[PDB]
Every structure is written in C-alpha cells, then in structure tokens.
Amino acid sequence: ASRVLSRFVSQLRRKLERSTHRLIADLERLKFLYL
Amino acid sequence: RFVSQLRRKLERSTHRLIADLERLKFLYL
Amino acid sequence: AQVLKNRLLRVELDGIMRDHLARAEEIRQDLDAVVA
Amino acid sequence: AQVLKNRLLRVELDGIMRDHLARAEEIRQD
Amino acid sequence: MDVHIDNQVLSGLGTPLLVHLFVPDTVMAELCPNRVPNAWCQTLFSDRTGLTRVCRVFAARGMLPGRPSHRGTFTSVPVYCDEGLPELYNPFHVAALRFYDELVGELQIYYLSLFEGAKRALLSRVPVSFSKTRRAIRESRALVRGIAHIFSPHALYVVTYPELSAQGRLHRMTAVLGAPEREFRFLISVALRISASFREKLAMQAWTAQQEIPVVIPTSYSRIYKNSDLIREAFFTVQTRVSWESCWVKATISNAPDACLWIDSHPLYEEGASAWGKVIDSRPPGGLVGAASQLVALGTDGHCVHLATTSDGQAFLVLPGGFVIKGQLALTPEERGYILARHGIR
C-alpha cells in the first residue's frame, strides 16, 4: 500500500537505461564505419 | 535493504574501469 | 609500412573494450529483477 | 591523414566520455 | 566580449546560427608573422563540394580573455550549412575563414572540433539590442573550454553560454569523409598537368635551355650541379603542400584585376618553407627596368628554384642558373570558377 509504485518507476528507470544505452551502442559502430 | 549498496559500488567500480581502459588506449596509441 | 598491424590490434582492443561492457550490461540488467 | 585521424579519434573519444558522464546522472539517484 | 555581439546581430541575413570563438596568439603565428592581420566565412563541404555563398565575420585583436591561462584574440565561426532543419551535422567537415585586415592567411576549422567542444562546454521608443543582455550576467569560467585543434595540434578556445533557443537547439544536435582530401589532390592534379606541360614542352623542343633571363654562370656548373640534376624538379610536386598562398592560382584570381607576374620560390633541396606568391610589378614608375632588376635578382638566387605564372595563360619554370622552360597554363574553367569562388566573388 505504501510500497507499490516505486518498484514500477524503478522498472521505468531500467527501461530508460535499456533505451539510452543504445546511444552508447551505436557510436562505436559509427566509429567502425568511420575509423 | 542491502541490494542498493554492493551492486552500486560494483557499477561505480566498472564505470571507473572503463575510463581506465580508455586511458589504456591512450597508453597504446 | 606497418600501421595496418596497429589497425588490426586497435580493432582487437576496441573489441575487448566493448566485450567488457557487453559483460557488464546484462549483469547490471539482471540485478533489477529481485525487487518484487 | 593518419596523424589527422589520430587527433580526430582523440577529440571523438571525449564525446563518449562526456556522454558516459551524462548517462551517469541516472546512476546518481539509483 | 565585443565581436560576438558584433557578428551575432550582423550575420542574420545569410546565417541562421552563429558560433563564437577565441583564437590564441600561438596558433596563428605560423599563419601570418609579426601580427600583420587584424574576416570572411566560406564553409565548403565534404562530399557535396559545389560552391556556397560567402558571409562576412568581424573580429578584434589585442583584447585579453577572462582566462589568464592564455592571452589572445577574438574570432567567431558562422554555421549556415545544414539544409532546412539544422538538426543534422555534417561530420568531417571543413569551415574556411579568411582572417585579414587588408587577405593573407586562411583559417581551416572543423565541425567536430567546434561542436564537440560546444557540447563539452555546456512619443515613441528605441528598442534595445536584445542579445547582449544575457552575456553580462554569465561572466563565468565554465563557458570556455580547451579544444585540441586538428589542423594545428594546439588548443583552440571556444566560448558559448546558455543564451537562447538557437544555442539551445545546438547542444542537442548530432547526426550519422573527404573534406581535407579534395583540395590537396586537386592541387596535385593541376601540378601534374603543369609538369606534363613542361615535359611535353621539353620534348617538342630540343631539351635545351633558352636562358630567357641573363646570368653569368661558372664553368663548373655541370660539376657543382651534377649531370641532369633535376631532383628538385623531381620532388617539386611533393613540396607544393600549399596552393592559395602559392602563386600558381594567384594568376588566375588576378585575371579580374596585363603585364603582371607572380613568383613562387622553393629552395634548391629542402632549405625550408621559403615563400609562396610574391609580386613582380610593372604598374608604378619603378618601371620595367625595376622589374628586370628584380627578375635578374630572382634568377641569380643560386639556391632557390622559381616557378613563374602569367595572367594570359602561360606557365614558366626558372632553373637556378638562369635556365627557363616554357609551359602552358590552360585549365578547364570549371576549376577556374571553383578557385575564384573559393577565394571570393566571381
């Protein structure tokens, strides 16, 4: 009742991290295209 | 609540190790 | 003459520098499924 | 061109270091 | 902090976006010595070479940074390149500046070296100049950062501070080679066609000196210069690493301003980066006898190989020893228009 939604916004932070880590993932691929 | 300390100092240490490996690159070239 | 060997070895070291975060990413993303 | 690309990878790597320290904000409240 | 609010309100016609800069006093010492200049923006492309419109930039020297780490002048780089939406960036992309007080010296700068540093940093009435209002309150140290400059391996200082939506849309901008490649290989192409003109002129002639310029020469000239010793004429093409200071293109831009000459001087075998593009006059009352005196003093330079270009479409090579080899200049007018647009107005 007092511990219900904070776990959900924790998974939302995991979702934003698993989304924004793609920005780390594609830059070294851009390096492999460039250099 | 002991899950927010050990894994957190783990990811902090790996976030320092990746800067150490970039410094190892700068050691290489 | 031989910066091509340096190119292949720099490809090797960026490979081993990507594999460490490839190791770290799923391990850091399995330590969020114990919260329920 | 080799030394130019050396300088170019040097200035390009600080971009991903700045982006790593930008991603580290989400670590700081977790 | 004056030239930034100068050019910010000025270039609103031809530029949407304006970036502000510092230039240290060590980084342009090899560009122009003795502080002889005190600009013009023309950012060419990487693979979309073509031609673009020009924009004027204003600047100042002798006024010191708020950083005491180095003490230098003021410049600023306009950015107007990206079509429609400016969110895309062109990577590996030159932006040429023509810093000047009377067009000596060039300034080549990158979009990566600019924007990576930029991200790294972050009963009626008179109307006020709106954009100067936010620069006085900033006055902070984090606005300026050190950028490893790519053309010259030194530090180039940028200035930016959180102004408004133009500079606010700048720090979010990213996007998904050959901008320094094309000009050098274009120089080697025109140098090879000129050396081929010299080859065929020495072939159709008897391979002989006409000696257009008069010098006295010693009898041991076939000794202290060895037999067929054209090793300087050999490695002439590698030594021309500059072109728009070199006199070869200087005659083509001089077509818009008849009896004129421009002289390049390269040493006998690697004494150093001698000079590029000096002037031989015929207009003032110094006269053709003064032109002849400067010309024979050119020809008696026993340790420098000179290359002579005319305005009317003729090229000449001066061997040290007064020997002259004639040659043609005839190039396709596409490259001619590309050169005069690269410098200025057609």
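FRET efficiency for the pair E:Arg336 and E:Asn227, taken as 1/(1 + (r/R0)^6) with r the Cβ-Cβ distance and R0 = 51 Å, rounds to 0.85. When each of B:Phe2, E:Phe99, E:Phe45, A:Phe8 is scored by the number of other beta-carbon atoms lying within 10 Å, the sequence from fewest to most is B:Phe2, A:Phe8, E:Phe45, E:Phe99. If you take the Cα centroid of segment E:1-16 and the Cα centroid of segment D:1-23, the two points sit 30 Å apart. Exposure proxy shown here: for E:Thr208, E:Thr15, the number of other Cβ atoms within 10 Å sets the order, fewest to most, as E:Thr208, E:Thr15.
Here is how the number arises for chain E: DSSP H runs of 4 or more residues each give -39500 (n - 2.57), the sum is divided by the residue count, and the result at 222 nm is -7500 deg cm²/dmol.
When only alpha carbons are used to place a centre, segment E:76-126 and chain A end up 33 Å from one another.
Would you order B:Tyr28, A:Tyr34 from fewest to most other beta-carbon atoms within 10 Å of each residue's own beta-carbon? Present the calculation step by step, with values, prior to reporting the outcome.
Details: B:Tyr28 10, A:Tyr34 13.
Result, fewest neighbours first: B:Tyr28, A:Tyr34.
Rule-based calculations on the coordinates, nothing more; no lab input. We place every Cβ from the backbone using ideal geometry, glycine too, and count neighbours over all the protein chains shown.
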